[PDB]
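Quick heads-up: it's one chain on its own, the form deposited in one PDB entry, in structure tokens.
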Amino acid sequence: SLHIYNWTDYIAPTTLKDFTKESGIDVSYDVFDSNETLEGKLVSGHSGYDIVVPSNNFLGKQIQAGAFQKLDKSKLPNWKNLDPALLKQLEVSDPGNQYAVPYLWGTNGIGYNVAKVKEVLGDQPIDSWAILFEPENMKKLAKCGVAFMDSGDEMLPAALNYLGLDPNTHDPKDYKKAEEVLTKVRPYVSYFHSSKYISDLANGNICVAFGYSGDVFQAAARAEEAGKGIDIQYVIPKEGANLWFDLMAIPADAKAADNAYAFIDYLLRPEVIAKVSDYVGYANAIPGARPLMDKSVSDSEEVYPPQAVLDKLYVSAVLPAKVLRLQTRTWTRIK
């Protein structure tokens, strides 16, 4: 049997049977609905899993701990289906792409109620982080409600990048500037919170939010299924944004490596990862998949932004503990 550990509801309906029918490998497929759960089992040394799907942040930090084993690429002949630019991006967390295979990816960006933005901003294009970081815009959006998330680890890199600084900088002086930018708009923010924006966007209670792509899509789908006309749009701004990956990796402890390579090689197939994207609605790293996919997904700039944007995405590097404390420190003064 092949043991897999992934997020709940994060796979296409037919994927596992399709896989088992073609390789004859039986799968034991378990799920988690929180990051902490997976990381906990991985830090202990023995999660009986052959495949786990960690975040590129978690994996970057744990490589050094030896939580994962190097991929024998001779058993991944579909590796050549992967997009080289996205892979190059991924090296920030996994230098040489030694341990990890892209599964799905997303961004952070701005989620917003289209009609409500128009009432206070008119037809102004919503395509810059200036919408959140310039007093001229925030001052007007404050009327409808602007939600910011609640940790500097995501919001501070955004502002640094907005300013054109290195989102992964270690320099306290760069942090000061981004701090300055954030504090000038602080007054116009209704709240700082992990997740409140999802329902507030969906319900019609706020008009704009700093958010992650999958969370904004959830808000949008919830809005649509409510039937009250609330239209939630997502945008990756022209200056770039964070790029985050969920990954397939083999734990160090892993028993069935060969079974596992078979599953991984399978998901690198265009027609296979296409169905996963169609179902979950996130981008994948296999350009072969694009034409095989639902248009609402591959033709949507919410998930596949134009090239000028793709060029400006940034992967979070592993920051020294000192820098993580600096973010936190700066984030507190801001609130």
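One rule holds for the numbers: they count along the sequence shown, beginning at 1.
Omitted from view is the form deposited in another entry, to which the following refers.
Checked against the rigid-part motion between the shown form and the other one, the candidate from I264, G288, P306, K275 that sits at the hinge is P306. In the other entry, the Cα atoms of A159 and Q89 sit 3 Å or more farther from each other than they do here. Relative to the shown form, the CA atoms of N78 and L310 are pushed 3 Å or more farther apart in the other entry.
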